[PDB]
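# Provided hereafter are the protein sequence and its experimental coordinates.
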Amino acid sequence: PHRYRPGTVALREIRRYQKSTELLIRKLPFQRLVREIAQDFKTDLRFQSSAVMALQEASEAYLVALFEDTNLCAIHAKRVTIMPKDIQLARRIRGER
Amino acid sequence: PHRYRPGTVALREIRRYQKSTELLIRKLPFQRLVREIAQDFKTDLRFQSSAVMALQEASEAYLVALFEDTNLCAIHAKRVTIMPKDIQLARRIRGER
Amino acid sequence: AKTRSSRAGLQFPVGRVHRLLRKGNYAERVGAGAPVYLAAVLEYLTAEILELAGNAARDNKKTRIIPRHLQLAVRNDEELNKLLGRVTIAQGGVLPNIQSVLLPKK
Amino acid sequence: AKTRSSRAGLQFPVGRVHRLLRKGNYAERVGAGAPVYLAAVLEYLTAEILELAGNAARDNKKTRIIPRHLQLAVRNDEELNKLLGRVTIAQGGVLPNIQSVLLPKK
Amino acid sequence: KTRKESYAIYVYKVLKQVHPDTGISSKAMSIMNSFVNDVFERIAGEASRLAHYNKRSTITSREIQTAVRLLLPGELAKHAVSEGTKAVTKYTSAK
Amino acid sequence: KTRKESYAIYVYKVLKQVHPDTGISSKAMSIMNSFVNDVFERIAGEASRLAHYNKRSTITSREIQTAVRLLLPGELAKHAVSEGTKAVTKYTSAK
Amino acid sequence: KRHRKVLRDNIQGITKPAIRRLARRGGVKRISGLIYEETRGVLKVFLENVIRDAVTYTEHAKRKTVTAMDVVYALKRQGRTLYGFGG
Amino acid sequence: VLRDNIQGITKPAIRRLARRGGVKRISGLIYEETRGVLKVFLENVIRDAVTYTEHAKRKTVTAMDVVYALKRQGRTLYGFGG
DNA sequence: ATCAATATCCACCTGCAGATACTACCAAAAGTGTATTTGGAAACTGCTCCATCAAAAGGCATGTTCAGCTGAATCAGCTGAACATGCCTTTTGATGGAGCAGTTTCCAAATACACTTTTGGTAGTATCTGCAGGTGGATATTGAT
DNA sequence: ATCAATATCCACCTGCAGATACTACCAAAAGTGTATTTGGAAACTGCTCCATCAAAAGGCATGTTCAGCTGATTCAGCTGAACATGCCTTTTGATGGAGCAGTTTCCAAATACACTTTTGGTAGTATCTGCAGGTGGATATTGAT
Ligand SMILES: [Mg+2]
């Protein structure tokens, strides 16, 4: 039974996703969270579909960019596995804290 | 004969310079650097005394804040010695690179 | 005659704030209450920071606010620090802080 | 009647740029060369990006510039990238980049 | 010779209300003034933008308030609004 | 049925100048339109501030010029200025 | 209106696979198991801030609908400027 | 005893900055890296300041030229006007 | 290196969403021409405040020593990738209807000037004191034993 | 553990730099009054586009396996902190003049306005075309051996 070595599909995936531009979070699930959070701010709110779509393009962009920063932080610690400390270090320097 | 351990004076200095607010570059050698840099932009310039001060205050503030992030980076890699790669990592994540 | 600042109960000049709002090219028209509100907001904030730097001077056995005090006041307060998160107070230094992994082992 | 664009030799609307500078409340007055210069820059920058975007579209064996090609144009260009340093291009993706340490073998 | 306006006397007045026996160094007042100008420019900036987005020609106290809520942190934003409203209410209800 | 203004006809014009065999998705155009809107606000802004700092109630192409040298990086600034200078010069004489 | 379902725990819609892909687009090869919760946390903060600002724009315009332009202005306000979804 | 102007930002000076920054141990290579960094900061800030000076048709770079440059680089500074 | 399992890469291929085309009109731009106001360059000029330097100050470049920190090397445990398996959830196309936005009518409020009053900023004067340094003398920290 | 060297703390002292109070002024706000211009709430209704639901399409969760990564341990050797002071670079104050800033001024270019033309959007109906995603079918990449 044939198997790929750990890390080989991963770099396959990276080659693939850096190529494509499609959003990576499922639409509806992301729509729900937007709605749940907004509700907590204010009730009976409605969302132009392109508002949600703005918010997803925005967030994914933000999260992806953050993963690069995160990934650089890991490599600094002479690792290849990103950890919450790497996210945390990235965000502190960024002035998000 | 009497000798303090490495890092003991360092700590003593950390504690000292964080108590004070006086600038830590000597005025003159700084002022020349300011002028030397400006000469590439315009010849026969003059500098308001307070203007060089504004520029110093800002440069020092900047650098001191940069060392903080640089130091968080060195610590991240499980060190205690700030290295050029730490400054570089701090800067890239900030966006400056 | 009575000043709009005394009318609002403010120390901060409503008339000036109105003036500066007009010549500021912010919109075609300035409403009557806007400078009153704005003056209040600015005043309040001025009071908040002088309060904390007032205490910051007291803590340091002092009676005159120097820049250092204003810096201790802002950076030690979570909300003021966020508002002034990208501002440098000249001659303010930094908060006493050493990373606990740099401390000598006991 | 000859339009002011053609007067200044621009495809971009000098009329419109003039008009938008007014309602925009930037100053009391808008000089005659202000919109001409502004239109000229605006025209220049968009020409600069479309030249680059067009290439990324050709490299990709496509005829139509999509947002990927815009993103590829800006990001691969030092000076454009800095200009749009804090700008996100919807549906543009990222530049292919894998850090060396992650590649296999040695 | 030319007039150079400041917030200094009004900052100083407020200081005396808040800490009657405390003074302020020249440099600290120059920072205080800078701060007041800064916040004014920010809030007016936002108030300006709100008006545009809604196609309105007036910057009203409503604009200044929404501007405050967008710029200031939670407790600081809340208290500011209360002080901002309070002053607009007192000023109106006075002949 | 209100009219929505955009630079789309102009962008396209200039697109055919550079690549006459190349079209543009309405989305790329949608971005290309934001880009011109964005850069407009930014240069206008600097020009706006620039004048204030000089007690000037007028933005001349000179303010647009310092605004461009402040805003755009290195070689982009250098070329934009030239085109601005060129267009203003070709405008001054053509009436 | 007759009955509108309760929204809760939707953050878990941001699945492990979805987060992974994002990290892959980020160029991430290996992901510690604690990341997905941490990313979710970070995304929650992100949205909360953009939405608070967006909603604020909505309410100032006295609307009940959060417009695409509401979000676009909230994004530019926080220095996360977005092209492609309006003015 | 000719010496570079940037080298005027001495090791003890750079160390004191590092100190206020709470840095305990400093690699020797830092002092050259830091000097490089300071050069980039100043060029960027000065370039913009001088650009304000030229627009005002002045030969003296004024504190406001600097303060404004600082504000526009996103490095707002209090205590010198504005 | 060689064999095989499967990802990858084109290349043409037919449907069709999205782009392109033009025809009709139309409100709102942009234009043109002229009467009317003025912003700011220009030119002169006074007096800060800035470049310079002489003497006074006091910080740093130096080169030796070794404490201890970095980075290599080694390895045990176990975490996270790969993948197979079984199906739930999202995606996608379709139909009444909330609220946004287009247009019109109407006034409380905001702008424009003029005239009356005042306030804040300077200035020139002397008037005042908080606290930076210096001191002395007790006590704590550090490093050695 | 003690022991001595020296860093650090604090109470008290005081000249003077920098704060503050005090006066007469005048240009310039800020306020008061009346004439005018308008911006936006209000109330109404077209109609876009949002919530919501039903079918249909596909990525999700989950358990198992073990590859190789992380993190601990150890260790050697390199590299940066500590050290003392006269050398030389900066700081301090003294004084000439550059140029910034305040003043008056006048015209080239700003605004205002008013009919007159242009044109950029849309809107309704049309045809055109680039390419997404299906197909197979020839060419790598990977990892077992
Ligand atoms: Mg809830």
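Looks like it came in fine. Residues are numbered from 1 along each chain as shown, chains lettered A, B, ... in the order given.
# how many neighbours does residue 36 have?
Answering for chain A, as no chain was given. The number of residues packed near residue A:36 is 17, by other CB atoms under 10 Å in any protein chain shown. The C-beta positions use only the backbone N, C-alpha and C, and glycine is treated the same way.
# my question was about chain G
19.
# same thing with residue E:82?
By other CB under 10 Å, neighbour count at residue E:82 equals 12.
# repeat for residue C:29
Residue C:29: 14 surrounding residues under other CB under 10 Å.
# My read is that it contacts residue E:48, right?
No - when contacts are counted by CB atoms under 8 Å, residue C:29 is not listed as touching residue E:48 (11.7 Å).
# Give the intersection of the neighbour lists for those two.
residue E:59 (CB atoms under 8 Å, 6 or more residues apart in numbering or on different chains).
# Who are the contact partners of residue E:5?
By CB under 8 Å, 6+ apart, the contact list for residue E:5 reads residue C:16.
# same check, this time on residue E:31
Residue E:31 neighbours (CB under 8 Å, 6+ apart): C:67, C:70, C:89-90, H:78-79.
# in chain E, which helix has the most residues?
Longest helix in chain E by number of residues, with DSSP state H as the criterion: helix E:26-53.
# next helix or strand past that one?
strand E:58-59 (DSSP states H and E).
# What is that next one packed up against?
Contact here means 3 or more CB pairs under 8 Å, 6 or more residues apart in numbering or on different chains; DSSP states H and E; on that basis strand E:58-59 packs against strand C:29-30, helix E:26-53.
# and residue 22, how many residues sit next to it?
With no chain named, the answer covers chain A. 9.
# ah, no, chain E please
Neighbour tally, residue E:22, other CB under 10 Å: 20.
# was I right about it contacting residue C:55?
No - counting by CB under 8 Å, residue E:22 sits too far from residue C:55 to count as a contact (9.3 Å).
# What's the local residue count around residue C:25?
Neighbours around residue C:25, by other CB under 10 Å: 18.
# any idea whether it is helix, strand or coil?
Three-state call for residue C:25 (DSSP: H, G, I helix; E, B strand; the rest coil): coil.
# Tell me which residues touch the closest residue to it other than its chain neighbours, please.
Take residue C:25 and drop its neighbours on the chain: the residue closest to it by CB to CB, 6 or more residues apart in numbering or on different chains is residue D:25, 4.7 Å away. Neighbouring residues of residue D:25 by CB under 8 Å, 6+ apart: C:25-28, E:48.
# State which helix of chain C is the longest.
Max-length helix for chain C by DSSP H is helix C:34-59.
# how about the helix or strand just after it, does it get close to chain E?
Downstream of helix C:34-59, the next assigned helix or strand under DSSP H and E is strand C:64-65. Yes - legend: contact between strand C:64-65 and chain E by CB under 8 Å from any CB of the partner chain is shown at C:64-65.
# Do any residues in strand C:64-65 lie close to chain H?
No - figure legend: strand C:64-65 not in contact with chain H (CB under 8 Å from any CB); closest approach 13.0 Å.
# Contacts for stretch C:57-71 next, please.
B:21, C:49-50, C:53-54, C:56, C:72, C:89-94, E:15, E:21-25, E:27-28, E:31-32, H:79.
# and the residues you listed near DNA strand J, which?
Filtering those for neighbours of DNA strand J using CB under 7 Å from any atom of the strand leaves E:23-25, E:27.
# Need the buried ones from those selected in PyMOL.
Burial among these is assessed by 16 or more other CB atoms under 10 Å in any protein chain shown; the matching PyMOL selection reads:
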select buried, chain E and resi 23+24+25+27
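# okay, the helices and strands packed on strand E:58-59, which one's buried deepest?
helix E:26-53 (a mean of 21; mean count of other CB atoms under 10 Å in any protein chain shown).
# and the angle from that one to helix F:26-52?
Taking axes from the mean of the first three to the mean of the last three CA atoms, to 10 degrees, one finds helix E:26-53 and helix F:26-52 inclined to each other by 140 degrees.
# what about helix E:26-53, distance to the chain center?
A distance of 7 Å separates the centroid of the chain from that of helix E:26-53, by CA atoms, centre = their mean, to the nearest Å.
# measure residue C:15 to residue C:39 for me?
Residue C:15 sits 9 Å away from residue C:39, going by CB to CB, to the nearest Å.
# Quick one: name the residues of chain C near chain H.
So chain C meets chain H at C:67, C:86-91, C:93-94, C:97-99, C:102 (CB under 8 Å from any CB).
# Name the residue of chain A that lies nearest to chain C.
Closest residue of chain A to chain C, CB to the nearest CB: residue A:95 (6.9 Å).
# what's the neighbour count on that residue?
Neighbour tally, residue A:95, other CB under 10 Å: 13.
# Next up, phi/psi of it, please.
Dihedral pair for residue A:95: phi 80, psi 10, per degrees, to the nearest 10.
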